[PDB]
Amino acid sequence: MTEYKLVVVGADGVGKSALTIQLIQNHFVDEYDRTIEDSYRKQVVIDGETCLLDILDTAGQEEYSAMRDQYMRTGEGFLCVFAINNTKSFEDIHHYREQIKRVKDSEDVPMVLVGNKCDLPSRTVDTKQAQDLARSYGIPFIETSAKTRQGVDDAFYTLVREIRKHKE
C-alpha cells in the first residue's frame, strides 16, 4: 500500500486546516484553533491507485515538535497555500518555498501552489499573478475553496502526482 507524506504550509488564516479537514472529513470547519498542528491519514484512491495519505497540517508554532521535524524531513510533497483575498499571504509564499528548499536541500521538491477561498468575491490576487508565480517555480497552481470543496481533491491529488513524477 503506497503512502504519500504531504505537508500543508502557508500564512496564518489562508485555510490550511479547513482544506485538510475538507479532504479528510469532507466537511467545512468554521473555526479551528490557529495554533493547532496535527497529522491526518486517509486511505484514498487517486487515479485508480489505492494509497495512504499522511498529511501534516502545520500551524507554524515555535514550541518544539518531533513530528513536525520528521514530516519536514521525510515529507515528499508540499502544499503552499495562500488566500485570493489576502495579498500579504501571497507575498508570504516565497518564505515558505525557501524553507522547503532548505529542508530538502534541493530546488526540485514536489510542490503545489494553492490559492484558497475562491468562493469569495473580494479577490485581490488574480489568476495570472498566481499562475506567473507557479510558472516561475515550475510547479502547478490550483484554485481551491475549502468551503464548497472546489479543487480540494485536485490540489492534494495533483501533489501526489508530482510525488510520482519525482519517484521516477
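So that there is no doubt, residue numbering starts at 1 and follows the sequence shown.
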query	finding
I163 CA temperature factor, ranked by third within the chain	middle
Third assignment of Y71 from its chain's C-alpha B-factors	highest
Record-listed C-alpha B factor of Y64: chain third	highest
Ranked C-alpha temperature factor of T58 among modelled chain residues, by third	lowest
CA B-factor ranking of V112, expressed as a third of its chain	lowest
